[PDB]
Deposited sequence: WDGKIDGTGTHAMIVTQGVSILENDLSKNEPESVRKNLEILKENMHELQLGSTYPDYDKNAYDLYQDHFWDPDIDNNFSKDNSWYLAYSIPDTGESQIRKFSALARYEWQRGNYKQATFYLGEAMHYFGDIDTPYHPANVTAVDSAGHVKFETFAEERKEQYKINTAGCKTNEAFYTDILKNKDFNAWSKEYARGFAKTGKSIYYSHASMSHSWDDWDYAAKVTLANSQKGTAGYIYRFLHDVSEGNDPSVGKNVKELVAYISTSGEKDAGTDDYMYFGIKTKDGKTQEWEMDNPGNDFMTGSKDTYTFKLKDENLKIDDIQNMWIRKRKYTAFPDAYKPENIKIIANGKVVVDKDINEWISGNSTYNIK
């Protein structure tokens, strides 16, 4: 969907409607904690909207915004694996719950907004069909069409109250990651079907009208559902990581904005377990890694699929010179996420020169 850097446009409408919908649908028996957290959410509507649009304007975005795409119908032992729209929902959702728990509500809500940007995208027709703006003139055309008419596509209810099926189903599965993937898959498959049936360049103005109606309604309802899940999760301190093989680790790395803080050297993330086994991956995204001021995400798939988070005793990042000279690197902060939970939040704010290793854990 379209969005503007000031937190306006289709994406902002979707999150804004998401909140209104939830407000309308909230049953009387909902816990006080949920209502209290919803009011805090509403205090930070600006952030939610800005977050819902930001990934399109992130200076660090990948070349063809690959991570804004996801096909719902779809070597890793030593290299990071790329993010997808689905995986970014999970990443930002984890960051959001983490910040919420420590009362850092403005930043928490921004992250929630970013999670919803990606959900919004996988609920378009073009993104889950994996048809890019390069592939088809229809990509930009359809999103512009929707943007112009976004007002007439707003909805204000999911169609039932939160003590009913749609919403109760959302709370059933304590495994947020597993729930999010399949929940997102449903909406994405609908969007993709709508691409082929109504939204592609083969179709009419009437077809595009129906396509936008259904996918914008679904985007809003789907967003309301994620917000509901979020308010419940943060109200109860629900941990979806318990607990639970660590099949993947995600690193979320903030590079300092200081001069020459970024690097083009080889960069590795590694772990050592209590049993002294090691695994190390090169961090390399389909993009310009470790740019000054950037926030980079890397996902690492473990060789041992039966490890528990406690089993991981040491973590580090290691740099290796690309040229004969040291390209010193200065990370501000690294967060490691496992199974939907931020398990490491490590301020660094010091230089890593040459071929040095920095010990996180």
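Comparing the deposited sequence with the modelled residues, the single stretch lacking C-alpha coordinates is 75-83.
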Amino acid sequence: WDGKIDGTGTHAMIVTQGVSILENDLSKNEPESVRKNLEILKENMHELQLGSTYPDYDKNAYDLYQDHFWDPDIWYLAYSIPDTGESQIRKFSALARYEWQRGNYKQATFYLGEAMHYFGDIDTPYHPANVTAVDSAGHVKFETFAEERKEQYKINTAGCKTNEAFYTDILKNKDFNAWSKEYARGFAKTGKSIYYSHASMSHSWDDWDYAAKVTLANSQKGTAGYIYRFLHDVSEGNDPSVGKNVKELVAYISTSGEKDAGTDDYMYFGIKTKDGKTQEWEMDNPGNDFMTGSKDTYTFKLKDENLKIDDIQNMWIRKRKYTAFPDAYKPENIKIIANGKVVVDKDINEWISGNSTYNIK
From here on, numbers count along this sequence of modelled residues.
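The question of which stretch, 222-230 or 269-277, has the higher mean Cα B factor is settled in favour of 269-277. According to the PDB record, 157-165 carries the higher mean C-alpha B-factor of the two stretches 157-165 and 248-256. Out of 304, 332, 47, 296, the entry records its largest CA B-factor for 304. Looking at 282, 206, 99, 83, the one whose CA carries the top B-factor in the deposited record is 206. Compared with the other modelled residues of the chain, the Cα B-factor recorded for residue 128 ranks in the middle third. Residue 190 sits in the middle third of its chain by CA B factor, as recorded in the PDB entry. Sorting the modelled residues of the chain by their CA temperature factor places residue 53 in the lowest third.
Among the modelled residues of its chain, residue 287 has a C-alpha B-factor that falls in the middle third, as given in the PDB entry. Residue 176 sits in the middle third of its chain by CA B factor, as recorded in the PDB entry.
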